[PDB]
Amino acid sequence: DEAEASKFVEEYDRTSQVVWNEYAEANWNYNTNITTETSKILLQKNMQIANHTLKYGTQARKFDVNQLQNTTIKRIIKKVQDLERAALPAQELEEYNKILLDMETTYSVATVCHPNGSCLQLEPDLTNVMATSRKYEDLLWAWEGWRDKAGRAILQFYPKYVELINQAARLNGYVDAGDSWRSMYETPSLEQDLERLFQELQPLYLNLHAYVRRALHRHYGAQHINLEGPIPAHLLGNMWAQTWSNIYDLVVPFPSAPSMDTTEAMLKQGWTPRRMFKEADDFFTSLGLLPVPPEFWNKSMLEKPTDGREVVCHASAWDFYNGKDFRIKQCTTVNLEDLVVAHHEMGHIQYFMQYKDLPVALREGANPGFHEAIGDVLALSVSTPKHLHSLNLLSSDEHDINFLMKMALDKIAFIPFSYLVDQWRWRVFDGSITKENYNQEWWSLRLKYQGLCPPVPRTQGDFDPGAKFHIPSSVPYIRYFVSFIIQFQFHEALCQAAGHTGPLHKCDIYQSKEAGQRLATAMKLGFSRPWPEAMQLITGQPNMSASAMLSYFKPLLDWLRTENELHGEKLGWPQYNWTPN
């Protein structure tokens, strides 16, 4: 029984390489060239990969996993028994694939237009407005417009999507799609684990929220900001108020210690998207990690085409299942934000290259959070004033608190957002949230976790979750919450491995071969072992922990508490029922 099992795995892995490589090609071709033709080829390749999955999945289910000796074979066969969407009947499957395509296409081609003439796309036009405008009504136009055009358009598809993804989940042995998604972590205590981590970051978030709220009150006026209520969702510098770094200039702790305009610096010095990815490549190689192949530079789409082409702009990293072909697809803007994004995506590429010699079933991160965390770890060092000054993008305790605030606006603000997205989706999937209250429940969570309110009352027909990429694209989100916790654990451990002393936020692991080695050994494991092993290899312990993130921001927590107390802030939003009058 063991001999037939390993033979099966061998056959599965060699055939999967071929069909998945074919599928990836067609998917890439659509993502980088949205047309009726590339659509039809993709949907046809969807049938082909479903045929393969069904064939091998059906075989896999005939194995009694319980009777298998080898644990690696056991692990692979167990995973192949999950057919995903391929479990659906033929008619259901073609409908599901069409629904996903329609949702993705709708989101990626959505535009917000001025009556007079000009039509804005999310990247870069609406993103730029949200980042730079300091005018209440202009931010409102972009915020509401995006939700009116992208969000509302997704609503027609979503209930059927939910029905089909849940049906597929049940046919694969889960109770619903959220159950299926959570299972990717192989952690029965996941929901409690994440709840505890969220709670530990409360003091930091609430203090940041209160301080930022006070600064908004100062700029946007007392009539538009309730100092005891939620913050209007359009004022945080980001379409989804998920990260707040673009309003740094409104909240800077010590304006007497000014920072160099990084965007202006990058543009004047002739940075290009290509150069940004080259700098990311250099950072990885400085650690002794792998360079991207020449093929990467030849085949990647690192900027929005002027080709006339319609594309999916949202940054992604692609593994073509042949151990040679790895690509990034990103509509890169020349700014600091996208330089960080470039590092993030390059971390995904590094992961692909590190586990390329494993059987494809195990060519995944230790858990999806790990995959998201790699690039972010390096980006933490990239972001240090020391490293930015070395890149000629920047030029005391004041600057120190300023830096920590800047980092908090990104990292701390994202904690509740990244937590809530799948809190909402899991309840959609399990039936707790029906289509009659999709939006109402979304805003309940936006209030409960983030302390945000919508600037304009929502109406029936609104589907604000549809205005966030991962919703119509069916991309799980809890990975980003996990990523943000564990990236600081990795940072702390790699900094210690690099022999750095002093405050964690001052550490820069550039050129540390000891740091590179720890990351490499963990990444090489792919999905071959439960994630605590990869955690152990990097950090010397097996748990997720908020401690490293708390240690990193400790000096900011102290300053924020002092600042908030002297201004008499009431932390939180006890008047949670407050909305803009």
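Note that residue numbering begins at 1 and tracks the sequence as displayed.
- Count the deposited residues lacking coordinates between residue 395 and residue 396 and you get 4 to 9 of them.
- Judged by mean Cα B factor in the deposited record, 328-336 ranks above the other of 464-472 and 328-336.
- Taking only CA atoms, the mean B-factor in the PDB entry is higher for 289-297 than for the other of 209-217 and 289-297.
- Among 545, 551, 35, 539, the highest C-alpha B-factor in the deposited entry belongs to 35.
- Which of 304, 427, 479, 448 has the largest Cα B-factor in the deposited entry comes down to 304.
- When the modelled residues of the chain are ordered by their C-alpha B factor, residue 254 lands in the highest third.
- In the deposited entry, the Cα temperature factor of residue 556 places it in the lowest third of its chain's modelled residues.
- Remark: residue 115 belongs to the highest third of its chain, ranked by C-alpha B-factor as recorded.
- Remark: residue 490 belongs to the lowest third of its chain, ranked by C-alpha B-factor as recorded.
- Ranked against the other modelled residues of its chain, the C-alpha B-factor of residue 387 as given in the entry falls in the highest third.
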